[PDB]
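Undergrad: The structure file protein.cif (mmCIF, C-alpha atoms) is provided below.
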data_model
loop_
_atom_site.label_atom_id
_atom_site.label_comp_id
_atom_site.auth_asym_id
_atom_site.auth_seq_id
_atom_site.Cartn_x
_atom_site.Cartn_y
_atom_site.Cartn_z
CA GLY A 1 183.28 126.57 291.06
CA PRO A 2 180.60 124.58 292.93
CA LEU A 3 180.20 122.80 289.62
CA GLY A 4 176.79 124.00 288.53
CA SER A 5 175.66 126.34 291.29
CA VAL A 6 178.44 128.73 290.30
CA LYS A 7 177.96 132.16 291.87
CA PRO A 8 175.53 133.87 289.43
CA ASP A 9 176.89 136.96 287.69
CA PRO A 10 175.48 140.43 288.59
CA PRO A 11 171.87 140.74 287.30
CA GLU A 12 171.55 142.60 284.00
CA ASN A 13 168.96 144.89 282.42
CA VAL A 14 168.39 146.26 285.92
CA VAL A 15 166.30 149.39 285.40
CA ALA A 16 164.13 150.98 288.08
CA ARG A 17 161.34 152.89 286.33
CA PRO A 18 158.96 155.21 288.25
CA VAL A 19 155.22 154.68 287.74
CA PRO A 20 153.52 157.94 286.62
CA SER A 21 150.22 156.67 288.04
CA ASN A 22 151.71 156.20 291.51
CA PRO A 23 153.90 158.81 293.30
CA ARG A 24 155.49 156.05 295.38
CA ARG A 25 155.67 153.04 293.06
CA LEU A 26 158.99 151.97 291.53
CA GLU A 27 158.83 149.30 288.83
CA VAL A 28 162.22 147.68 289.42
CA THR A 29 162.69 145.43 286.39
CA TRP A 30 165.69 143.26 285.58
CA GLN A 31 166.87 140.07 283.90
CA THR A 32 169.22 137.13 284.40
CA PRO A 33 172.96 137.64 283.67
CA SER A 34 174.30 137.02 280.17
CA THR A 35 176.49 134.31 281.69
CA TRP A 36 173.40 132.58 283.10
CA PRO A 37 171.88 129.98 280.70
CA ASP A 38 168.35 128.83 281.59
CA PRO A 39 166.66 130.90 284.36
CA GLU A 40 164.02 128.17 284.70
CA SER A 41 166.18 125.09 285.25
CA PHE A 42 168.29 127.27 287.54
CA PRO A 43 165.97 129.16 289.95
CA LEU A 44 167.96 132.34 290.54
CA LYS A 45 167.09 133.97 293.86
CA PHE A 46 167.32 137.75 293.53
CA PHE A 47 167.95 139.81 296.67
CA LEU A 48 166.57 143.33 296.34
CA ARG A 49 167.26 146.09 298.86
CA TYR A 50 166.02 149.68 298.60
CA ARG A 51 167.49 152.27 300.95
CA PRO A 52 166.34 155.94 301.02
CA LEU A 53 168.94 158.63 300.32
CA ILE A 54 168.00 160.19 303.66
CA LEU A 55 167.82 157.09 305.83
CA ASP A 56 170.36 154.28 306.16
CA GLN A 57 167.72 151.55 306.03
CA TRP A 58 168.74 148.51 303.99
CA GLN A 59 165.64 146.49 303.15
CA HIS A 60 165.57 142.77 302.40
CA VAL A 61 163.34 141.32 299.69
CA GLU A 62 163.68 137.81 298.29
CA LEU A 63 162.57 136.98 294.76
CA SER A 64 162.74 133.22 294.20
CA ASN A 65 162.01 133.90 290.53
CA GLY A 66 161.07 137.56 290.27
CA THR A 67 162.23 139.72 287.37
CA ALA A 68 159.81 142.63 287.77
CA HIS A 69 159.49 143.82 291.37
CA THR A 70 157.08 146.68 292.04
CA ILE A 71 157.72 148.53 295.30
CA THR A 72 155.31 151.22 296.47
CA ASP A 73 157.57 151.94 299.44
CA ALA A 74 159.79 154.30 297.46
CA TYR A 75 159.85 158.03 298.23
CA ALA A 76 158.99 160.31 295.31
CA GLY A 77 160.89 163.21 296.85
CA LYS A 78 163.98 161.16 297.68
CA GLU A 79 166.16 158.90 295.55
CA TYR A 80 166.24 155.18 296.30
CA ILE A 81 169.33 153.01 295.89
CA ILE A 82 167.96 149.57 295.03
CA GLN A 83 170.80 147.04 295.02
CA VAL A 84 170.16 143.65 293.42
CA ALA A 85 172.04 140.45 294.21
CA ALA A 86 172.09 136.89 292.89
CA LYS A 87 172.07 133.36 294.30
CA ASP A 88 171.04 129.79 293.49
CA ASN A 89 167.95 128.22 295.05
CA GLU A 90 169.67 124.83 295.10
CA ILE A 91 173.16 125.49 296.45
CA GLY A 92 173.77 128.58 298.56
CA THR A 93 176.18 130.60 296.45
CA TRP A 94 175.58 134.06 297.88
CA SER A 95 176.79 136.83 295.58
CA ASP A 96 177.85 140.17 297.06
CA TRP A 97 175.63 143.16 296.24
CA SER A 98 176.43 144.24 292.68
CA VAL A 99 174.02 146.38 290.64
CA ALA A 100 173.01 149.51 292.55
CA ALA A 101 170.09 150.95 290.59
CA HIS A 102 169.13 154.57 291.24
CA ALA A 103 165.52 155.69 290.86
CA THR A 104 162.78 158.02 292.06
CA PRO A 105 158.99 157.37 291.86
CA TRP A 106 156.66 159.88 290.22
CA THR A 107 157.48 163.15 291.99
CA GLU A 108 153.91 164.39 292.32
CA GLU A 109 153.89 168.06 293.31
#
How would this structure read if it were set down as structure tokens?
TA:
Amino acid sequence: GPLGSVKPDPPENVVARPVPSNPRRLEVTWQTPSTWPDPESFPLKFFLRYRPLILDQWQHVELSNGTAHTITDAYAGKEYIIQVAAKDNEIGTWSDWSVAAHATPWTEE
């Protein structure tokens, strides 16, 4: 493609785990795609967006080099659809929203 800055494949190992010590924290962890070689030499910008299952509010978080995002803005009583995208810091090769992780922080009741 763009010879080098090829559109990064959908992030892998994308698992949103709920913190039992926080009824609103969602440890959204992930990793670079299997197709992606070195995540260091190629700063992969991850675009995370968490929208409540009761409100159509698509958030916008940029992770220049984040692989473990912790969001305390997640509702424990409602599911959160956190979609993760990929892109290259060098050349703008925006990748459409792929992985749509489903999670729910510690439902303290």
Undergrad: Do you have the CA of residue 80 (chain A)-CA of residue 9 (chain A) distance handy?
TA: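 Separation of CA of residue 80 (chain A) and CA of residue 9 (chain A): 22.8 Å.
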Undergrad: If you apply the PyMOL selection byres ((chain A and resi 85) around 8) to this file, what residues do you get, as number ranges by chain?
TA: A: 10-11, 46-48, 83-84, 86-87, 95-99
Undergrad: Quick one: apply the PyMOL selection byres ((chain A and resi 59) around 12) to the file and drop the selected residues here as a list in words.
TA: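 Listing what the PyMOL selection byres ((chain A and resi 59) around 12) selects in the shown file: residues 47, 48, 49, 50, 51, 52, 55, 56, 57, 58, 60, 61, 62, 71, 73, 74, 80, 81, 82, 83 and 84 of chain A.
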Undergrad: Those selected residues, please, written with C-alpha atoms and delivered as a PDB file, keeping the file's coordinate frame.
TA:
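Wrote out_16.pdb, looks like this:
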ATOM      1  CA  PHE A  47     167.950 139.810 296.670  1.00  0.00           C
ATOM      2  CA  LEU A  48     166.570 143.330 296.340  1.00  0.00           C
ATOM      3  CA  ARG A  49     167.260 146.090 298.860  1.00  0.00           C
ATOM      4  CA  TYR A  50     166.020 149.680 298.600  1.00  0.00           C
ATOM      5  CA  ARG A  51     167.490 152.270 300.950  1.00  0.00           C
ATOM      6  CA  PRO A  52     166.340 155.940 301.020  1.00  0.00           C
ATOM      7  CA  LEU A  55     167.820 157.090 305.830  1.00  0.00           C
ATOM      8  CA  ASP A  56     170.360 154.280 306.160  1.00  0.00           C
ATOM      9  CA  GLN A  57     167.720 151.550 306.030  1.00  0.00           C
ATOM     10  CA  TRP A  58     168.740 148.510 303.990  1.00  0.00           C
ATOM     11  CA  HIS A  60     165.570 142.770 302.400  1.00  0.00           C
ATOM     12  CA  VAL A  61     163.340 141.320 299.690  1.00  0.00           C
ATOM     13  CA  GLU A  62     163.680 137.810 298.290  1.00  0.00           C
ATOM     14  CA  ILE A  71     157.720 148.530 295.300  1.00  0.00           C
ATOM     15  CA  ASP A  73     157.570 151.940 299.440  1.00  0.00           C
ATOM     16  CA  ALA A  74     159.790 154.300 297.460  1.00  0.00           C
ATOM     17  CA  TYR A  80     166.240 155.180 296.300  1.00  0.00           C
ATOM     18  CA  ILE A  81     169.330 153.010 295.890  1.00  0.00           C
ATOM     19  CA  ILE A  82     167.960 149.570 295.030  1.00  0.00           C
ATOM     20  CA  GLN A  83     170.800 147.040 295.020  1.00  0.00           C
ATOM     21  CA  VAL A  84     170.160 143.650 293.420  1.00  0.00           C
TER      22      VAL A  84
END
Undergrad: For CA of residue 44 (chain A) and CA of residue 25 (chain A), determine how far apart the two atoms are, in Å to one decimal place.
TA: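 That distance, rounded to one decimal, is 24.2 Å.
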Undergrad: So the first atom is CA of residue 77 (chain A) and the second is CA of residue 101 (chain A); what is the distance between them in Å, to one decimal place?
TA: 16.6 Å
Undergrad: Specify as a list in words each residue included when the PyMOL selection byres ((chain A and resi 104) around 10) is applied to this file.
TA: residues 16, 17, 18, 19, 23, 24, 25, 26, 52, 74, 75, 76, 77, 78, 79, 80, 81, 102, 103, 105, 106 and 107 of chain A
Undergrad: Would you export the selected residues with C-alpha atoms as a short mmCIF file (atom, residue, chain, number, x, y, z; two decimals), in the frame of the given file, please?
TA:
data_model
loop_
_atom_site.label_atom_id
_atom_site.label_comp_id
_atom_site.auth_asym_id
_atom_site.auth_seq_id
_atom_site.Cartn_x
_atom_site.Cartn_y
_atom_site.Cartn_z
CA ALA A 16 164.13 150.98 288.08
CA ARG A 17 161.34 152.89 286.33
CA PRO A 18 158.96 155.21 288.25
CA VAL A 19 155.22 154.68 287.74
CA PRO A 23 153.90 158.81 293.30
CA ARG A 24 155.49 156.05 295.38
CA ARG A 25 155.67 153.04 293.06
CA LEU A 26 158.99 151.97 291.53
CA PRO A 52 166.34 155.94 301.02
CA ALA A 74 159.79 154.30 297.46
CA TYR A 75 159.85 158.03 298.23
CA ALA A 76 158.99 160.31 295.31
CA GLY A 77 160.89 163.21 296.85
CA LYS A 78 163.98 161.16 297.68
CA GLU A 79 166.16 158.90 295.55
CA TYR A 80 166.24 155.18 296.30
CA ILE A 81 169.33 153.01 295.89
CA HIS A 102 169.13 154.57 291.24
CA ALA A 103 165.52 155.69 290.86
CA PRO A 105 158.99 157.37 291.86
CA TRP A 106 156.66 159.88 290.22
CA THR A 107 157.48 163.15 291.99
#
Undergrad: Nearest residue to residue 41 (chain A) out of A:6, A:93, A:88, A:108, using only C-alpha atoms?
TA: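 Going through A:6, A:93, A:88, A:108 one by one, the smallest distance to residue 41 (chain A) is for A:88.
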Undergrad: So which residues touch residue 28 (chain A) within 6 Å, counting all atoms listed in the file, skipping near sequence neighbours fewer than 5 positions away, as an mmCIF file with C-alpha atoms, in the coordinates of the input?
TA:
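around07.cif, written as the output of this step:
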data_model
loop_
_atom_site.group_PDB
_atom_site.id
_atom_site.type_symbol
_atom_site.label_atom_id
_atom_site.label_comp_id
_atom_site.auth_asym_id
_atom_site.auth_seq_id
_atom_site.Cartn_x
_atom_site.Cartn_y
_atom_site.Cartn_z
ATOM 1 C CA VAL A 15 166.300 149.390 285.400
ATOM 2 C CA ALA A 16 164.130 150.980 288.080
ATOM 3 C CA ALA A 68 159.810 142.630 287.770
ATOM 4 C CA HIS A 69 159.490 143.820 291.370
ATOM 5 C CA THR A 70 157.080 146.680 292.040
#
Undergrad: Using all atoms listed in the file, which of A:91, A:3, A:14, A:53 sits nearest residue 33 (chain A)?
TA: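 Of the candidates, the smallest distance to residue 33 (chain A) is held by A:14.
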Undergrad: Enclose the full set of atoms of region 57-62 of chain A listed in the file within a box whose edges lie along x, y and z, apply 3 Å of padding to each of the six sides, and report centre and edge lengths in Å to one decimal as AutoDock Vina command-line options.
TA:
--center_x 166.0 --center_y 144.7 --center_z 302.2 --size_x 11.4 --size_y 19.7 --size_z 13.7
Undergrad: Which one is closest to residue 7 (chain A): A:39, A:66, A:20, A:92? Count only C-alpha atoms.
TA: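 Of the candidates, the smallest distance to residue 7 (chain A) is held by A:92.
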